[PDB]
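Before any questions on how it binds or moves, here is one chain, the form solved without this ligand, in structure tokens.
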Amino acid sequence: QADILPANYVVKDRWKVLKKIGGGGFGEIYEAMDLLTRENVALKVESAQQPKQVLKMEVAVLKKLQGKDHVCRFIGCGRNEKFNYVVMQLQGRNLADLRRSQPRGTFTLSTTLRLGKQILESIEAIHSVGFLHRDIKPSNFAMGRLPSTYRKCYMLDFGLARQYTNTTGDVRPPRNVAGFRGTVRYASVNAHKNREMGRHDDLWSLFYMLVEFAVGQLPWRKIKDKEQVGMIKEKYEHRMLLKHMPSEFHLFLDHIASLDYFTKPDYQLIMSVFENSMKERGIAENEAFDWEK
């Protein structure tokens, strides 16, 4: 109905809103200027009157992940009468926009495999601190916007994230039904069947992304009905998806198909598939990205 923060509004006498860059549902994201440090920042705001409060745990997750790569630096957070906010490091173009920018809407295996390695490190990272992301998709990963960071992929929105552990590190018992409230294009069949998601379901999203990066489409690309996408995925011969993909990816598929809610994944196996695939084709970490020149 209206922006929570209007343009040139200033938060806690430090962060001057510039423009709206995201939001619409369950909160808003702003580009803002840090009047102290003089750099532009990501300012996420939730209405304090809002019923469902995700920004609390976003901060929680974002705080446990400080000191790991592929995670935005935590600047500030605060509560007040009209809104809650978090202040973050600003990142660059997300992978969804970067894939649409390419002709054929595809990435060379050079880029696809190197993105896979970074995305997998950060999926292991969030798992390492007892949280599922549960919204793994290209628009939730961005390249840095600095000389130090322009070749680093960052994991972005922790608003659908869930704690699968406790302090002791025991796995939390699943719900018989947990309703899937997310983008269905990269959803695993478990998510589609409204079962408690696991670490595997984040790797299912990783799998489906890397296919769409290399092939340029998924068989269910057109369909906008949630039920139909799930029934197509439930029956589809996933081997087909690998027809034009490195043969090592068959290892990736067979492993994730074996896992259930409780089984910790082999993150090193999946990482090997990418390393080995690059190894065979003489791809190296110093090689340019399709959007560079």
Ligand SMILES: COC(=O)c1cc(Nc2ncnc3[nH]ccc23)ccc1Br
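Only the largest set of C-alpha atoms that superpose within 1.5 Å between the two forms is called the rigid core. Each residue number is its position in the shown sequence, starting from 1.
There is another form of the same protein, the form deposited with this ligand bound; it is not shown, and what comes next is about it.
Interface residue among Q118, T111, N94, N84 relative to this ligand in the deposited complex, by the heavy atom within 4.5 Å criterion: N94.
Comment: this ligand is not present in this chain, but in the deposited complex one of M271, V10, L18, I21 has a heavy atom within 4.5 Å of it, namely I21. For the three residues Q89, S139 and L156, a heavy atom within 4.5 Å of this ligand turns up in the deposited complex in every case.
This ligand in the deposited complex is approached by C72, whose closest heavy atom lies within 4.5 angstroms of it. In the deposited complex, at least one heavy atom of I29 sits within 4.5 Å of this ligand. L241 falls outside the set of residues with a heavy atom inside 4.5 Å of this ligand in the deposited complex. Looking at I256, you'd find every heavy atom of it more than 4.5 angstroms from this ligand in the deposited complex. Heavy atoms within 4.5 Å of this ligand in the deposited complex belong, among the stretches 41-49, 260-268, 221-229, 244-252, to residues of 41-49. Once you line up the core between the shown form and the other one, the CA of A48 is the only one from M231, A48, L259, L253 that shifts by 2 Å or more. In a rigid-core overlay of the protein, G282 has its C-alpha displaced by under 2 Å between the shown form and the other one.
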